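> Pasting an experimental structure with its sequence.
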Amino acid sequence: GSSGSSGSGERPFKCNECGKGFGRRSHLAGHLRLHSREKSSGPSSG
Ligand SMILES: [Zn+2]
């Protein structure tokens, strides 16, 4: 993440991929489901 609203709010869970945090587990687990679908990046080698 670059910069959001929350600043002094520690969450119980955290994403190791980017750093996204959520209140519940299942809430985060899904946030990782997108880290796979769009994982294979690379349109061209310039
Ligand atoms: Zn993430």
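Everything's here; your move. Residues are numbered from 1 along each chain as shown.
> any idea how far the residue positioned nearest the centre of the chain is from the ion?
Residue closest to the average C-alpha location in the chain (C-alpha atoms, centre = their mean): residue 20, at 4.0 Å. As judged by C-beta to the ion, to the nearest Å, residue 20 and the ion stand 4 Å apart. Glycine gets a C-beta too; all of them are placed from N, C-alpha and C.
> now residue 40
Counting by C-beta to the ion - residue 40 and the ion are separated by 16 Å.
> tally of neighbours for that residue?
Residue 40: 6 surrounding residues under other C-beta atoms under 10 Å.
> interface residues of the protein facing the ion?
Applying C-beta under 5 Å from the ion, we find that the chain lies next to the ion at 15, 17, 18, 20.
> Contacts only, for residue 19.
By C-beta atoms under 8 Å, 6 or more residues apart in numbering, the contact set of residue 19 is residue 1.
> re the thing from before, show me what contacts the residue nearest to the centre of the chain?
1, 14, 28, 31.
> can you check residue 22 too?
11, 13, 28, 31.
> Please verify my assumption that residue 12 contacts residue 27.
No. Contact criterion C-beta atoms under 8 Å: residue 12 and residue 27 do not qualify, at 9.8 Å.
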